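Input: a single structure, listed below in structure tokens.
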Amino acid sequence: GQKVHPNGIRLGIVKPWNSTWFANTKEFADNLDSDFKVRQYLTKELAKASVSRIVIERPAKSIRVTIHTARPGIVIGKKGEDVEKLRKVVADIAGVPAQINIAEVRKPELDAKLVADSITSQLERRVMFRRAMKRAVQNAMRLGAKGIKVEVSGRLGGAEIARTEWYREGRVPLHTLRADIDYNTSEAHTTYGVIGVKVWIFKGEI
Amino acid sequence: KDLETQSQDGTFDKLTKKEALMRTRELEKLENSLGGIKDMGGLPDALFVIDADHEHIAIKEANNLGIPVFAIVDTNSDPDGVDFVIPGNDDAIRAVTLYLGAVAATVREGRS
RNA sequence: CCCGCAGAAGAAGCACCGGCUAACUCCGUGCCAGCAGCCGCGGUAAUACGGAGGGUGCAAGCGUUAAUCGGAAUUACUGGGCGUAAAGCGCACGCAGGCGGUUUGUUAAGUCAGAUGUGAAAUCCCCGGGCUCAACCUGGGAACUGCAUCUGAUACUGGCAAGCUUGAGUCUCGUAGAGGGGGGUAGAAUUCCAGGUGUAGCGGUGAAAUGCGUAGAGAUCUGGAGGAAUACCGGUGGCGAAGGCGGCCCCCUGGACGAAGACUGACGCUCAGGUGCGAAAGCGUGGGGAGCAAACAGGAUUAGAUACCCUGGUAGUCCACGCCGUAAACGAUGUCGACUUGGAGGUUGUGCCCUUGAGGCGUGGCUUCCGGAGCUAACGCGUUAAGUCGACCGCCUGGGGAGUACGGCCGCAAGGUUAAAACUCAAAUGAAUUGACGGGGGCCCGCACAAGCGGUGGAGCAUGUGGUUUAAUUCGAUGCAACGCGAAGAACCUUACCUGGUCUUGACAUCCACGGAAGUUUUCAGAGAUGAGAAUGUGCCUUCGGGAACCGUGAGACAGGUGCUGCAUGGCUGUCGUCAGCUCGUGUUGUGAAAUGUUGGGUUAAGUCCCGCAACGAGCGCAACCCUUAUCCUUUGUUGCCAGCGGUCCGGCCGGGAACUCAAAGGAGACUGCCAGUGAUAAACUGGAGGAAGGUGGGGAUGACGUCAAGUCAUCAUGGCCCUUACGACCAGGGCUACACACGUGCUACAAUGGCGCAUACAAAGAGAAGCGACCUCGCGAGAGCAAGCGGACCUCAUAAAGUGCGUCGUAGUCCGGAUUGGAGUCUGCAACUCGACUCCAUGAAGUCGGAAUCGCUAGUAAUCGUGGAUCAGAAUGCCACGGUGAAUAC
């Protein structure tokens, strides 16, 4: 449209990568398919687990799955059973042993991915969007976030004509590279087509 | 208040003198504006005003609040915005000297 | 009316459900069927149409229509309006009519009090009563809002009488004035006529033409003839009822206003009908006719020009006497009277203090502007009121029809005045607000123009598009912001399009039943898909009635769809525009839409910064933060480098060295930081120093709120609707490359700052493992053989090209140019015909700087030379990077 992906532009400077590893020009292709494949799987199983980001590091043919999650209880199951269950297939997809390692998140409502899910969650259950949308914004201020911005679009509220209503509280300087802005996006599959949600958080300042 | 601390003892060289100067001249801005009022922190209960011509702006505002006003109104002033009118000169230099000191003593003892 | 009998057995529809208005969803149909009191609903997702369910209202009735009233204060007596929304007669005089100052007495009409006569009963109302209640019947009262008579009251209005003076009017002395009619008169100027002087233009316009002129104009001088208007003074200055009225003098005459008193004694204010006056134009009779000028003509302008412009020009405009009776006849504001803060002015009288010095202190008449309260829809009005009241008169009742028709009246006529209806619409209209826009104003910016350089449009070829053709020329993009675009690369593939051949639980996914390792090997028919066999292997755990696997067959859910709608959508993108703007909080002004902040003075690349200020703040943007580039220090020294030192096949090649190049990390440095000057001692701007670099040092990345219901359903995701022995799937060949034709974007040219031959000099960046490939051998060559080294500062791709020295051709369609064409070929790939690139020999066209028109560019840029990379087997003049060479001009 007009704006560049907030995450991408600050990668080199502030926000670190998500699939951190190395591979010569030859095998580069294959790893991408593999690393992508597990990412697809984790979304498919840990959906009802509130998983924000999943790191895929590969040192010396060792597929490392670091998951920055919210609810370890749901992820580990009992005594870790679920994790080591996941360990099997993941190691199989990547073709090499996989030490699945979790990472609990400080504030579930301060990560862009997770919150967007909540907005999506309520819209996936017939919740009046303005109440749903605004609830998250109050939360960012109530958790101390320096700023927040949200934005939904589509057939919102069952309307025929599609419209895009956004919201804003707090300082969100997107043009300042120095500052860390946890931005993320999620869909919203309702009977009224797909609704899209975007959320920004001026979490970091430098 | 914060800057007042930041100025006499606080940060004055952290970035560069040029912008350190910025806060200083900014301190001057807030200085002439909220200088002699910073300690109030609430709402006053009496507005003693020298001229009603230049300061009708505040009078109406004070009148708009549950507050009494005392104006040294002049021949070209509207007394209808005042409560306890004080006719006479306002702009004469020596005039206020007589005025304020008279008020100064009354207010000095008036805490009895 | 009462009693017994019998079984809940005989006994509830109607309208509406978008809003008004109580009450909702689903399906069906698709600007059709329809609906409807109104606004409006229906376009393939209808709460408004039809049905179903649920439900809201009323009930033996419930909806529709019609009709009266209500709401409608949209006929206003109670109870409206007329500055701009409909509405002040054009102004005035004035009979009837309406109303009328003040004092006293008087009468008692109107008015008031009481009583009386009457005001039919019924009905209504009040309290009772009677039918099982009620409806209904009915008792007594109240009321019958009125009218007539009689008696008291006498304030207010009326009749009468007598006054008073503050209303009105008269007189005396003065004042200012474009007040009106009549009679003379002065000067400037224009036109014409008569001469003198004198000579090729004059006049007119955007330019020009018509026209005037060598018969001698225009110009200039003198004389004369006339008609009309009065420069300067001249003034939101004066007079007049209004229309109007302007040099000067005279005559006749109206009105206004003032000082001071005298006098009459309410004699008033308004006013239907009526009478008079009443701009310009127009009309009639007779004059006058300079200038100006409808009509008219010619000449231009123009697509046309019955106009705007120019040259002429009649009626008219001027006078006399009559008529016409209309104007945005307008402070769009009827006349008269009273009361209610102020300020600055102008003009005309007049009393007083000093005229002591162009003055100061007061009181009256008219008039201009600004604004208080208040009023008002707002704008604004505002002691000259649209303020607060009183008297009287005119007039309005949605817009259009229509100020018209008809008739009356008046008119010489043109017309005027008086003044509708049917019909049609659901608005019309005013004030103000936010914007957008202006062939409106001011301020500023941008390769926007200008100053220049080089291009396209003309040629050939490449590529894309429209059109055409076709079995198919897949589908999408199609003002700027599509047209070397999606496509970073169509022979098969790709591929969605066509013909023909095939399967249809399928090419792919999961679950079921059963059998079979998987897989490898080989042959036939077929264009291929596939159909037909023949063999081999028979592998992991034992519930060993089977795993898990991969394959085959059959069933059923489905799988799949490059099928439609980007106007159902997310995601992603372009453009306005890297333009400097876009907004919110609280407060404040406004009935409110909103405004203020964001405006103003300076300033800047910039709502950047300072100051001012009913605004104070803040956010998003601008900037900075990030990468690269220009300089240096420090650190490391390979496969990179070579100064000071030795060995050399003088090759950084071998020791050796860590200076330098370079490479790579970390920092330094540049911030108006310093000086002078200007400027508000502010921001900032101009120049200078030092400095590698100077005013965001270059460049890139970065794209605000929103706009185009802009692109995309075909990258992907995805609501609907649609196909589903098909629009799904496999296959061979073809098509996408077709070609009377048009446009776009490029490359090569058209040459001598140029072509060709020989030798020779100087780059950066990047790629490379079914990949790049030297050296060497063969060939004229594209390539072939063999092939170290390198998955990489070492090796390879890979010999830089322009350039430079020399020879040479000598302005030709040529030693230019290179398409087209024949032959012989190499490589790639199963395969080169439709349809690959490259080489060799031969061939040799168009084209000699390109119409109207139109694009890019402000410094290492334009232009020009060469190079590499992604896509990819092969397939670049495209796209994306690199370096060489190196301008012009900016008032």
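Which of the trypsin sites (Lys or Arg not before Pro) found in the stretch B:23-112 are in a DSSP loop and have at most 13 neighbouring Cβ atoms, other than their own, within 10 Å? The partial results should precede the final answer.
Numbers: sites: B:23, B:25, B:29, B:38, B:60, B:94, B:108, B:111; in loops: B:38, B:111.
Listed in order of number, the matching sites are B:38, B:111.
How high is the relative contact order of the stretch A:107-206, in percent, with contacts defined as C-alpha pairs under 8 Å that are six or more residues apart?
On the way: 203 pairs, mean separation 33.4, N = 100.
So the answer I get is 33 percent.
Can you give me the Cα centroid spacing of the stretch A:148-179 and the stretch A:38-116 in angstrom?
Here the two parts' Cα centres lie 29 Å apart.
Kirkwood hydrodynamic radius for the stretch A:16-106: how many Å is it when counted over pairs of different Cα atoms? Each step should come with its number before you reach the end.
Values: mean 1/r = 0.0750 Å⁻¹.
By the Kirkwood definition, the hydrodynamic radius is 13.3 Å.
Given the pairs A:146/B:18; A:48/A:85; A:37/A:61; A:113/A:203, which span a C-alpha to C-alpha distance of over 19 angstrom in this model?
Numbers: A:146/B:18 28 Å; A:48/A:85 16 Å; A:37/A:61 16 Å; A:113/A:203 13 Å.
From A:146/B:18; A:48/A:85; A:37/A:61; A:113/A:203, over 19 Å: A:146/B:18.
Quick one, what does Rg over Rh come out to for chain A if you take C-alpha atoms and the Kirkwood Rh? Please list the in-between numbers first.
Values: Rg = 18.4 Å, Rh = 18.6 Å.
Rg divided by Rh gives 0.99.
Using amide H atoms built in the peptide plane, which far-off residues or other-chain residues are under 5 Å from residue A:54 H to H?
A:68
Only helical DSSP H runs with n ≥ 4 go in: add -39500 (n - 2.57) per run for the protein assembly as shown, normalise by residue count and round the 222 nm mean residue ellipticity to 500 deg cm²/dmol.
Numbers: 10 runs with 119 residues, N = 318.
Helix contribution divided over all residues of the protein assembly as shown: -11500 deg cm²/dmol.
Take each of the peptides A:1-7, A:125-131, average the number of other beta-carbon atoms within 10 Å over its residues, and list them starting from the highest.
Per-residue mean Cβ counts within 10 Å order the peptides as A:125-131, A:1-7.
Taking the highest mean first, how do the peptides B:44-54, A:62-72, A:164-174 order by number of other beta carbon atoms within 10 angstrom per residue?
On the way: B:44-54: 15.5, A:62-72: 19.3, A:164-174: 13.8.
Going by the mean number of other Cβ atoms within 10 Å, highest first, we get A:62-72, B:44-54, A:164-174.
Identify the GluC sites (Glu not before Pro) of the stretch A:1-101 meeting these criteria: DSSP loop state and at most 15 other C-beta atoms within 10 Å of the C-beta. Can you show the working numbers first?
Working: sites: A:27, A:45, A:57, A:81, A:84; in loops: A:27.
Of the GluC sites (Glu not before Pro), the ones in loops of the stretch A:1-101 whose Cβ has at most 15 other Cβ atoms within 10 Å are A:27.
Taking the Cα centre of the stretch A:16-106 as origin, sum charge times position over the Cβ atoms of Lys and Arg (+1) and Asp and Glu (-1), and report the length of that vector in debye to the nearest 20. Don't jump to the answer; show the numbers that get you there.
Details: 16 positive and 11 negative charges, 53 e Å.
Using only the charged Cβ atoms, the result is roughly 260 debye.
Out of the trypsin sites (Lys or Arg not before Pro) in the stretch A:80-118, which ones are loop residues according to DSSP with at most 16 other C-beta atoms within 10 Å? Before the final figure, lay out the partial values.
Values: sites: A:85, A:87, A:88, A:106, A:113; in loops: A:106.
Filter output for the stretch A:80-118: A:106.
All Cβ positions, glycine included, derive from the backbone under ideal geometry; neighbour counts span all protein chains shown. Each value in this text was obtained by applying a stated rule to the coordinates, not by laboratory testing.
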